[PDB]
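Enquirer: Residue numbers (my numbering), protein chains in the order written: chain A, 115 to 205; chain B, -2 to 288; chain C, 139 to 430; chain D, 67 to 222.
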Amino acid sequence: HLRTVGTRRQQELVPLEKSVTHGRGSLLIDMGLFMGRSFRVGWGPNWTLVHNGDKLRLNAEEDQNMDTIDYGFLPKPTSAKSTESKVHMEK
Amino acid sequence: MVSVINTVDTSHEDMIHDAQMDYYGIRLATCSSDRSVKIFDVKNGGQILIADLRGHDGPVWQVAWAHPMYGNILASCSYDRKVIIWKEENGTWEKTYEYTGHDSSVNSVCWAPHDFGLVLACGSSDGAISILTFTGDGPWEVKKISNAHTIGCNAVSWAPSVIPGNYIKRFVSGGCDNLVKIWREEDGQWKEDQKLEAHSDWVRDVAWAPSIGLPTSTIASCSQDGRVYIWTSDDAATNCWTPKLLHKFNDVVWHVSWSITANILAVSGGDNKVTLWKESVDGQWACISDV
Amino acid sequence: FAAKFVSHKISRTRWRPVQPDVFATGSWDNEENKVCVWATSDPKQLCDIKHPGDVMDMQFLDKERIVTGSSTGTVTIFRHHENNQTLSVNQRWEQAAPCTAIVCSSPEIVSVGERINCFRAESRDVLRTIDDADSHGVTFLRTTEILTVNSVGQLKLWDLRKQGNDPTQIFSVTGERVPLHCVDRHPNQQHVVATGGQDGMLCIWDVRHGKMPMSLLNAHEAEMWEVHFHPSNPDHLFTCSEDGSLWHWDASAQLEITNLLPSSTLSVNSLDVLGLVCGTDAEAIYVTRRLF
Amino acid sequence: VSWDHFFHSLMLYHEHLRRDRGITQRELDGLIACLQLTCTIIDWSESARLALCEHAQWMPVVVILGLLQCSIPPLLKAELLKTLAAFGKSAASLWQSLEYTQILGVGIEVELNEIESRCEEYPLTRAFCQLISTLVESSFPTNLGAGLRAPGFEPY
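(1) Going by C-alpha to C-alpha distance, which of B:83, B:222 and B:189 sits closest to residue 199 of chain B?
(2) Output, in chain order, the set of chain A residues within a Cβ distance shorter than 7 Å of residue 42 of chain B.
(3) Using a Cβ-Cβ cut-off of less than 7 Å, give me the residues of the segment 148 to 164 of chain A that come near chain D, in sequence order.
(4) CA-CA distance, residue 122 of chain B and residue 151 of chain B?
(5) Taking 7 Å as the cut-off, does the CB of residue 174 of chain D come closer than this to any heavy atom belonging to the ligand MN?
(6) Express the C-alpha separation of residue 165 of chain D and residue 147 of chain A in angstroms, rounding to a whole number.
(7) Could you tell me the distance, in whole angstroms, from the CA atom of residue 168 of chain D to the CA atom of residue 218 of chain C?
(8) Identify the contact partners of residue 327 of chain C in chain E, using a Cβ-Cβ distance below 9 Å as the criterion.
(9) Nearest to residue 187 of chain B by alpha carbon, out of B:34, B:169 and B:216?
(10) Taking the alpha-carbon positions, what's the residue 289 of chain B to residue 192 of chain A distance?
(11) Report the CB separation of residue 166 of chain C from residue 421 of chain C in whole angstroms; it is logged as a contact under 8 Å.
(12) Below 6 Å CB to CB, which residues in the same chain sit around residue 154 of chain C once its five sequence neighbours on both sides are set aside?
(13) Using a 10 Å radius around the Cβ and a threshold of 16 neighbouring Cβ atoms, would you call residue 177 of chain A buried or exposed?
(14) Please look up how many angstroms separate the CB atoms of residue 103 of chain B and residue 75 of chain B, rounded, as I've assumed it's under 8 Å.
(15) Please confirm whether residue 323 of chain C has its beta-carbon closer than 8 Å to some beta-carbon of chain D.
(16) For a cutoff of 8 Å on Cβ pairs, would you count residue 146 of chain A as touching chain D?
(17) Report yes if the C-beta distance between residue 11 of chain B and residue 33 of chain B is below 8 Å; otherwise report no.
(18) Just to make sure I have the definition right: I need the residues of chain D whose C-beta is within less than 9 Å of the C-beta of residue 152 of chain C. Which are they?
(19) Three-state secondary structure (DSSP) at residue 354 of chain C?
(20) Pairs of beta-carbons, one from the segment 310 to 321 of chain C and one from the segment 266 to 276 of chain C, closer than 8 Å: are there three or more?
(21) Cβ atoms of residue 403 of chain C and residue 385 of chain C: under 8 Å apart, would you say?
(22) Starting from the C-beta of residue 96 of chain C, find all residues in its chain whose C-beta is less than 6 Å away, skip the five residues before and the five after it, and write them out in chain order.
(23) Taking the Cβ atom as the reference point for each residue, do residue 98 of chain D and residue 141 of chain D lie within a distance shorter than 8 Å?
(24) For residue 141 of chain A, would you say it is in contact with chain B, using Cβ-to-Cβ distances shorter than 8 Å as the test?
(25) From C:239, C:263, C:151 and C:251, pick the residue whose C-alpha is nearest to that of residue 406 of chain C; which is it?
(26) Given residue 148 of chain C, which residues of its chain have a CB within under 6 Å of its CB, disregarding the five upstream and five downstream residues?
(27) Nearest-angstrom Cα distance between residue 53 of chain B and residue 30 of chain B?
(28) Between residue 66 of chain B and chain A, is any beta-carbon pair separated by less than 8 Å?
(29) List, in order along the chain, the chain D residues whose C-beta lies closer than 7 Å to that of residue 432 of chain C?
(30) Can you tell me where the beta strand (DSSP E) holding residue 95 of chain B begins and where it ends?
(31) Look at the alpha carbon of residue 202 of chain A and the alpha carbon of residue 194 of chain A, and state the distance between them as a whole number of angstroms.
(32) At which residues does the alpha helix (DSSP H) containing residue 99 of chain D begin and terminate?
(33) Buried or exposed: which applies to residue 144 of chain D, given that a residue is buried once 16 or more other Cβ atoms fall within 10 Å of its Cβ?
(34) Hey, how far is the Cα of residue 91 of chain B from the Cα of residue 97 of chain B?
(35) Identify whether residue 437 of chain C lies in helix, strand or coil by the three-state DSSP scheme.
(36) Can you give the Cα-Cα distance for residue 375 of chain C and residue 367 of chain C, rounded to whole angstroms?
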C-alpha cells in the first residue's frame, strides 16, 4: 500500500514533470525559417523522457540498472564496464 | 535525486542492462530496455552481431548462458513476466521453451552448476522464484516457491557444486525486503535454510563466489543503502553467516560479480563507475583500481 | 578615392565580415590606443573602442565579433554587437614580447612572434604551446601546418597538428638579406606562395616544384609593405613600398606596374580588400574607399 | 556469384588496406578494372544494376563508403561514384546513406580543402559532379537534412 502511495506520489511527480516538459516546449519552442541561427533548447529532456518511459513507481525506481552489470573472470579477467567505451582492449 | 542523476547522465550511446560472455569466451549475449536479446561474437576482440532474438513485451533484465554440455542454450528474463530459453541447432537460434508462471516481472535468472543437471532458477518481482528442470525431450517441470521475499526478488545466485565426497545444493537470493535468504533443497522442494538481514534497504544483487576448491564459501551482496557485504561461512555444516562490510558509497550499488581465481569483486554502482576489490592479507577489503 | 583624415595614425583596416563597405580600423600609437568599428563610411563611430593595449593581432571574430591581440603579446577580443552598440570583451590573455603577424586556421587563431601560444575557438586555456624561440611569417598552408619565418626571412614549415617542436621543412633564400616583413601564400592553391623583397623585389615560391626562389623583382623602393589582392580575383593584385607607396602591378593582366595610389603620403595601415588598404611597414594614417 | 565474390574481395581488400595507394600498382590497377567493369555492367542493364543495388552478400554500398573513408586513390573514388550510379537509377535509401555519411560535414569540408590543395589535374572532380546531378534528378526527400536545422537539402 505504501509503495502504491509512493507511485501515486511518483505519478504526481511525473505529471508535474510532464507539465514542466510542456512548459519547456512552450517556452523553448523555436521556429526560425527558412534557415536561422541555432538557438539553445531543452532537446536533451525529450531524449531522457523516452528512456524513463522504457525504464517504467517502486518497480521503476528499483528497476533501473545503477550502471549496472558486473563481469566475472577466470583465467583471468574479462573486461566489463557499462561503460566509458563496455570492453577494454588492454595492451 | 534520480531526475538529477538522469540530467547528469545524458547517455553517449544506447544502453544495455546485463550482458554475459559465453563459456569458452566465444559469444557475448546482451539485452537492453528495447526488448531485444542480441547475441554478439567476439573473435579477436572485435564485436560482430549474429542474431536479434526479439520476443519480450517488456525490457529484458538479466541473461545467462547454459553450460556447453547441453549444446548451446541461452536464457533471458524480462519485465513481461516471461522467461525465454533459446536453443541453437546449426545456426537455428529458435526458442525451444518459454515459461510464464510468475505474475509480476522477472528480475533475474541463473543456471545451476552443470553437475546438478540443467536447472534454471528464476526470481520474480511478485516475491516468487520459479525453477525449471530439464527432462528427456521438450518438457520442463517447474518447482515454484511462493512468497520467498516480501515485496519481490532481485537476485538469484547458485551455490558452487560441492561434492559430498547424497548431494546437497544451497542457493541464496536477495530481494526487496532487505533479506538475503539462502535456500536448501531435499527430495524436490526448496526450503529457506536461513535469512540474512544486514541491509537497510532493497538487496540489489547477490553473488555466490566460486569456491577455489577452498571450503570457506563466501557470498557478496549490494543494496540501495550503498553498502557491499561479503558474508562468510567459517566452516562446512555450521549455520553461521558472519557479514563483513566491504565499503559504503553515498549512492546505490547495482551489480556485484566475482572474478574466478583471485576472488576479486567487481562492484558496479554509485557514480557510473565500477571498482575492483581484493581481500588483503590482513582481511580488510581494498579497491585495486577504478575501471 | 574619397580620402578621410582620421587625425589618427592608422595601424589596422578590415573590410569586415558581414563589399568593402563596413570598414573597421585599429589605431595604434596613441595615448589610449585606439580602434573604431562601423567607422566611417557616415561619421558612424559606433564602436570607437576605448582601449588600453594596442593592436598586434586583429580579426573580425564574427560579423558580430572581433578578435585581436594586445601590445605586450596580450590578447583582446570582444563581440561586436552592432545592434545595441555595446559589446562584451571575450578574450583577455596576459602573456601569449609582442606578436609579429597574424595567421588563421579556423577557428584556432594561430600566429607567430618576433614562441607560439595556440589559443583557439573558446579555448580560453592555452592548449598547444610549441615554445620554440623565433630568431613573422605565419599562415595555414594546410590545417594545421604552418611555417615560421624568422627575421632572417627564414621560413620553416612546422605544425601544431602532430606532436613535436621542430619544423618539418624550411624555405630560405640564398642570402638571407632582408628581415621578416611580408610573405605571400596564394588563395589560388594553399600550396602556392610568394613573398615580397624588402628591396622592392618579389620572392615567389614553389612548394611542390622544388623549393627554389622562383621570382624576385626590383620594382619597389622600400621594405615590403603589403599587397592589395582581389578577394576573388586571385591574380589581380598590386604592389607597394614602405613609405606607404603603391605601384600597381597589374597581375591579372604583362608587367604593368605604375604609380598607383593617391601617393606620396606617409605609411598605410593593414590589408583587407574585397569588392580597403595594403598596409605599409610603418602604418600611418591614410584612406580611400572606392575599391571597385 | 562472381559479382558477389568480387564484392567479398573488395570487403577483404578494404580490410587488408586498413590493416596495412597502400597496395602493389598491378593489384590496385586490377581493382580499378574490377570497379570499372562493375560500373559499366550496372548502368547498361536495369536488372543487373538492381541486383547490385540491393544484394546482401555483395555489400557494395557499405564497402564503397569504407573505401571512401579510408585513405584512397582518385581512380578508386571515381569507381565508387560509378557504383553509386546504379543505386541512384534503381532515392530515400540513397539520401539516408548520404545523411549517414555526413554524420560520419566537417570531414566533407576537409575533403574539399584537400581538393583545393590538389589535385591530380581535376580528373577526380567530374564524376562526383555527375553523381550529384543524378541524385538531384531523383526526387528530394523531406526527411533528409532534418537533423541539421531548417534546410538540409540546400547546403549541398
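By construction, the Cβ of each residue, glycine as well, lies at the ideal position given by its N, Cα and C atoms.
Expert: Concretely, from the data shown:
(1) The residue you call residue 199 of chain B lines up with position 202 of the second sequence. Of B:83, B:222 and B:189, the residue nearest in Cα terms is B:222.
(2) Against the second sequence, residue 42 of chain B aligns to sequence position 45. Simply 203.
(3) Within the segment 148 to 164 of chain A, the qualifying residues are 148, 149, 150 and 152.
(4) Start at 1 with the first residue of the second sequence, and residue 122 of chain B comes out as number 125. Start at 1 with the first residue of the second sequence, and residue 151 of chain B comes out as number 154. When rounded, the separation of the alpha-carbon atoms in residue 122 of chain B and residue 151 of chain B is 7 Å.
(5) In the structure on display, the ligand MN does not appear, and there are no ligands present to speak of.
(6) Working through the first sequence from its first residue, we reach residue 147 of chain A at position 33. Working through the fourth sequence from its first residue, we reach residue 165 of chain D at position 99. One C-alpha to the other measures close to 21 Å.
(7) Position 102 of the fourth sequence, counted from the first residue, corresponds to residue 168 of chain D. Position 80 of the third sequence, counted from the first residue, corresponds to residue 218 of chain C. Cα-Cα distance, rounded: 32 Å.
(8) Absent from the structure: chain E. Protein chains present are A, B, C and D.
(9) Residue mapping note: residue 187 of chain B aligns to position 190 of the second sequence, counting from 1. Comparing alpha carbon positions, the residue from B:34, B:169 and B:216 closest to residue 187 of chain B is B:169.
(10) Past the boundaries of the shown model lies residue 289 of chain B; chain B is included only from -2 to 288, so the question cannot be answered.
(11) Translated into the one-based positions of the third sequence, residue 166 of chain C becomes position 28. Translated into the one-based positions of the third sequence, residue 421 of chain C becomes position 283. Indeed, because the Cβ distance is near 7 Å, the residues count as touching under 8 Å.
(12) Taking the first residue of the third sequence as 1, we reach residue 154 of chain C at position 16. Same-chain partners within the cutoff: 160, 162 and 198.
(13) Sequence index remark: in the first sequence, residue 177 of chain A carries index 63 (1-based). Buried, since its Cβ has 16 or more Cβ neighbours within 10 Å.
(14) Start at 1 with the first residue of the second sequence, and residue 103 of chain B comes out as number 106. Start at 1 with the first residue of the second sequence, and residue 75 of chain B comes out as number 78. Taking a contact as a CB-CB distance under 8 Å, the pair residue 103 of chain B and residue 75 of chain B counts as one, their CB atoms being some 6 Å apart.
(15) For the purposes of this step, residue 323 of chain C is taken as the residue at position 185 of the third sequence. Taking a beta-carbon distance threshold of 8 Å, residue 323 of chain C does not count as an interface residue toward chain D.
(16) Residue numbering aside, residue 146 of chain A sits at position 32 when the first sequence is read from its first letter. Output row for residue 146 of chain A: interface = yes.
(17) Within the second sequence, the letter at position 14 stands for residue 11 of chain B. Within the second sequence, the letter at position 36 stands for residue 33 of chain B. One thing to note: residue 11 of chain B has its Cβ no nearer than 8 Å to the Cβ of residue 33 of chain B.
(18) For the purposes of this step, residue 152 of chain C is identified with residue 14 of the third sequence, where counting begins at 1. Ordered by position in chain D, no residue passes the 9 Å Cβ test against residue 152 of chain C, which lies about 23 Å from the chain.
(19) On the third sequence, position 216 is the one that residue 354 of chain C refers to. Assigned with DSSP and collapsed to three states, residue 354 of chain C falls in coil, not helix or strand.
(20) By the Cβ criterion, the segment 310 to 321 of chain C is in contact with the segment 266 to 276 of chain C, since at least three pairs of Cβ atoms, one from each stretch, lie closer than 8 Å.
(21) Translated into positions along the third sequence, residue 385 of chain C becomes position 247. Translated into positions along the third sequence, residue 403 of chain C becomes position 265. The Cβ atoms of residue 385 of chain C and residue 403 of chain C lie no closer than 8 Å to each other.
(22) Past the edges of chain C, shown from 139 to 430, lies residue 96 of chain C, and the structure says nothing about it.
(23) Taking the first residue of the fourth sequence as position 1, residue 98 of chain D is located at position 32. Taking the first residue of the fourth sequence as position 1, residue 141 of chain D is located at position 75. Remark: C-beta atoms of residue 98 of chain D and residue 141 of chain D approach each other more closely than 8 Å.
(24) Mapped onto the first sequence, residue 141 of chain A falls at position 27. Not an interface residue.
(25) The residue given as residue 406 of chain C occupies position 268 in the third sequence. Distance from the Cα of residue 406 of chain C is smallest, within the candidate group C:239, C:263, C:151 and C:251, for C:151.
(26) Looking up residue 148 of chain C in the third sequence gives position 10. Taken in chain order, the residues that qualify are 163, 165, 407 and 423.
(27) Counted from its first residue, the second sequence places residue 53 of chain B at position 56. Counted from its first residue, the second sequence places residue 30 of chain B at position 33. The alpha-carbon atoms of residue 53 of chain B and residue 30 of chain B are separated by roughly 10 Å.
(28) Sequence index remark: in the second sequence, residue 66 of chain B carries index 69 (1-based). No - not a single Cβ of chain A is within 8 Å of the one on residue 66 of chain B.
(29) Because chain C here runs from 139 to 430, residue 432 of chain C falls outside it and cannot be looked at.
(30) For the purposes of this step, residue 95 of chain B is taken as the residue at position 98 of the second sequence. It spans 92 to 96 - the beta strand (DSSP E) in which residue 95 of chain B sits, taken as one unbroken run.
(31) The residue given as residue 202 of chain A occupies position 88 in the first sequence. The residue given as residue 194 of chain A occupies position 80 in the first sequence. Residue 202 of chain A and residue 194 of chain A have their C-alpha atoms roughly 8 Å apart.
(32) As a first step, residue 99 of chain D must be located in the fourth sequence, where it is residue number 33. Element bounds for residue 99 of chain D: 91 to 110.
(33) Counted from its first residue, the fourth sequence places residue 144 of chain D at position 78. So residue 144 of chain D ends up on the buried side.
(34) As a first step, residue 91 of chain B must be located in the second sequence, where it is residue number 94. As a first step, residue 97 of chain B must be located in the second sequence, where it is residue number 100. Counting only the Cα atoms, residue 97 of chain B lies some 17 Å from residue 91 of chain B.
(35) Residue 437 of chain C cannot be examined here, being either before or after the span of chain C that is shown, 139 to 430.
(36) By 1-based counting over the third sequence, the position of residue 375 of chain C is 237. By 1-based counting over the third sequence, the position of residue 367 of chain C is 229. Inter-residue distance for residue 375 of chain C and residue 367 of chain C is about 4 Å (C-alpha atoms, whole angstroms).
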